[PDB]
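Hydrogens, waters and symmetry mates play no part in the numbers below; they use all other heavy atoms, side chains included. Whatever order the structure lists ligands and atoms in, that order sets their numbers, starting from 1. Throughout, protein chains are lettered first and strands after them, A, B, ... in sequence-line order, and every chain is numbered starting at 1.
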Amino acid sequence: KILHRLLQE
Amino acid sequence: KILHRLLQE
Amino acid sequence: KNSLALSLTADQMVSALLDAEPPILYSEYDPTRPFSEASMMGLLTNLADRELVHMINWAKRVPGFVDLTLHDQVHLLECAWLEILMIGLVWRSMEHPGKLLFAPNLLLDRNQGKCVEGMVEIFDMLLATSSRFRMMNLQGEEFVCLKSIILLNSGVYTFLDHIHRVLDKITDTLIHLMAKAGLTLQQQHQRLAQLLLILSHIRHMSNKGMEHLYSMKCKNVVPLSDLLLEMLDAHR
Amino acid sequence: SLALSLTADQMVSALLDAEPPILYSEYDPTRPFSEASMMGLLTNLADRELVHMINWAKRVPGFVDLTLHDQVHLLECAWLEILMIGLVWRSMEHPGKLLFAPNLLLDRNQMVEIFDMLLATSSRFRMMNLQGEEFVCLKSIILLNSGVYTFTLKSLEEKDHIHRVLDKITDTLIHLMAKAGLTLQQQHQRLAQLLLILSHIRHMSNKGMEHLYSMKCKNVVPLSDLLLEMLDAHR
Ligand SMILES: CCCCOC(=O)c1ccccc1C(=O)OCc1ccccc1
Ligand SMILES: CCCCOC(=O)c1ccccc1C(=O)OCc1ccccc1
């Protein structure tokens with residue numbers, strides 16, 4: 001998920 | 001509308 | 001021109017709301033537990049149809065409601081009806097963890113929601129709400145205040161002062177009940193917030209349930225009453 | 001959790017400091033727009049605001065205390081509500097108009113039902129004279145509250161922390177109203193007035209999510225990959 005990744009960054 | 005009528009009853 | 005509603009004391013408001021309460025209705029007296037889309041949706045739409053009639057006559061007894069024009073009464077009921085059925089359902093179900101008490105002779109768990117396509121999701125949300133109310137120890141007096149708030153609030157922006165003053169009057173009434181129950185000032189405003197936030201969730205469930213009733217209408221699973229169809233059609 | 005130890009003024013400061021920016025749209029008054037390409041302007045803008053929202057959420061006290069799974073879920077449920085309240089807040093000083101961007105101020109004539117609801121909400125903010133300190137509290141409440149009832153005993157601990165932070169934000173709202181010199185009765189009335197707004201915002205969001213779905217199906221308005229995934233989350 002894009003949101004998943006952005007939240008980790 | 002039926003509601004119209006029932007509100008009047 | 002001036003509404004009697006605003007001149008009511010907190011105790012008078014509470015007694016007026018308690019006395020306006022509709023009765024708990026029964027479903028059909030069949031022993032079989034609904035495990036098909038058709039039978040379950042038939043029982044639920046039949047129940048909703050009957051409860052709707054009672055809801056209409058309950059609404060007229062909510063202080064300040066009959067002081068609105070008929071058109072405004074129609075709009076508020078059209079916008080709020082499913083939220084109101086749902087909060088009633090959730091309230092009824094509170095003392096039955098894991099179950100939805102549609103009627104005293106119709107208590108359903110999520111395993112029967114698994115049946116009707118696209119229903120278990122709404123079923124689960126309703127259960128979570130019921131559980132939340134139970135853990136907060138929601139009182140009947142608080143319940144009726146919340147229900148009247150839904151009636152007056154849901155379609156109020158889509159109008160869109162009298163309703164706003166009445167809404168303020170109901171807020172005063174909720175606080176009154178909480179003080180009367182012995183809560184501190186901090187507990188009072190915290191509890192008021194907690195209850196009102198749940199109204200957002202109830203709105204969400206109503207929106208989802210409306211979608212579901214629509215697909216149900218289009219799939220022609222079961223015939224719907226003209227009343228139920230018109231209440232649905234209002235949400236276009 | 002440092003969140004639970006903040007004072008009300010510290011909460012307000014943290015929230016205020018964390019405010020995302022207002023962005024520009026690619027609108028050009030000299031360029032012709034169809035209903036579809038005008039919608040393309042708005043979805044493009046929403047996409048960019050989303051990126052900023054995700055980073056704002058990390059700065060909301062308590063939010064990162066949650067598992068990544070739970071953070072994902074809250075944002076998936078609340079994103080459009082958050083965009084909308086931001087939009088309404090911005091448009092408050094522009095009767096009859098929505099300010100999507102400093103270079104894009106629209107009236108209802110220039111989806112119309114949703115536009116009207118948003119206008120009604122802005123009108124409501126004006127009626128109430130909503131304060132910026134109140135606005136940032138409301139926005140954080142949406143983030144934490146909208147998805148909290150749609151999530152083992154381990155997963156129940158997560159909900160408890162959210163309810164605790166929510167209570168703290170209420171305390172902050174009351175603090176703000178008390179300092180503004182409102183009576184106790186007026187504090188409770190206003191708190192209620194503000195939270196009921198959240199019901200209408202949830203309503204507009206549900207309505208928008210369905211019109212976003214039909215925009216996808218018609219395939220005429222360009223939608224970003226992030227918007228498509230967000231849309232997918234709502235099934
Ligand atoms: C979505 C069908 C609506 C039918 O209304 C009811 O089943 C109903 C009847 C009596 C009391 C409450 C309800 C109710 O809340 O229905 C909610 C509901 C609707 C569809 C799927 C799950 C729950
Ligand atoms: C953009 C996806 C949501 C569908 O659009 C609407 O529901 C909508 C309709 C009419 C006016 C505004 C909106 C809307 O979503 O406003 C939210 C918004 C906030 C910031 C930037 C763009 C849109």
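- Taking every heavy atom of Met84(D) and a limit of under 4.0 angstrom, the matching atoms of ligand 2 come to 7 (O), 15 (O), 17 (C).
- Counting the atoms of ligand 2 from 1 in the order shown, those under 4.0 Å from a heavy atom of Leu118(D) are 11 (C), 12 (C), 13 (C).
- With a 4.0 Å cut-off on non-hydrogen atoms, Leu44(C) touches ligand 1 through its backbone as well as its side chain.
- Of all the heavy atoms of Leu87(D), the ones lying under 4.0 Å from any atom of ligand 2 belong exclusively to the side chain.
- Taking the six-membered ring where the residue is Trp, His203(D) and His235(C) present perpendicular rings, their angle passing 60° and hence far from 30°.
- A 4.5 Å side-chain heavy-atom check between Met128(D) and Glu134(D) finds every atom pair outside the cut-off.
- Ligand-side atoms of ligand 2 in range of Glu49(D): 20 (C), 21 (C), range being under 4.0 angstrom from any heavy atom.
- Using 4.0 Å as the threshold, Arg92(C) has a heavy atom nearer than that to some atom of ligand 1.
- Here the closest heavy-atom approach between residue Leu23(D) and residue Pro102(D) is recorded as O-CD, 3.3 Å.
- For ligand 2, the atoms closer than 4.0 angstrom to any heavy atom of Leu80(D) are 3 (C), 15 (O).
- Interface of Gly208(D) with ligand 2, defined as ligand atoms under 4.0 Å from a residue heavy atom, comprises 4 (C), 7 (O).
- Under a 4.0 Å heavy-atom criterion, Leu47(C) is in contact with ligand 1.
- Listed by atom number, the atoms of ligand 2 under 4.0 Å from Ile114(D) heavy atoms are 7 (O), 8 (C), 9 (C), 10 (C).
- Against a heavy-atom cut-off of under 4.0 Å, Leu83(D) is close to the following atoms of ligand 2: 19 (C).
- Residue-environment remark: NZ (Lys99(C)) stays at or below the threshold of 12 foreign heavy atoms within 6.0 Å.
- At a 4.0 Å heavy-atom cut-off, ligand 2 does not touch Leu227(D) at all.
- Every atom of ligand 2 with a heavy atom of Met111(D) under 4.0 Å away is listed here by number and element: 5 (O), 6 (C), 8 (C), 9 (C), 10 (C).
- Not a single heavy atom of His211(D) sits closer than 4.0 Å to an atom of ligand 2.
- Taking the six-membered ring where the residue is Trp, the centroids of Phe33(D) and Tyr27(D) are separated by under 6.0 Å.
- With hydrogens and angles disregarded, no donor-acceptor distance shorter than 3.5 Å links the side chain of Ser91(D) to the backbone of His94(D).
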Evaluation steps, ring-ring contact (aromatic ring centres under 6.0 Å, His included), between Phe135(D) and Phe125(D)
CA-CA 10 Å; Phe135(D) 161 74; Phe125(D) 285 22; 7.5 Å; no

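- Using a 30° and 60° split on the angle between ring planes, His73(D) and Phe151(D) fall in the tilted class, from 30° to 60°.
- Taking every heavy atom of both residues into account, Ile2(B) and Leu227(C) meet most closely at CD1-N, 3.5 Å.
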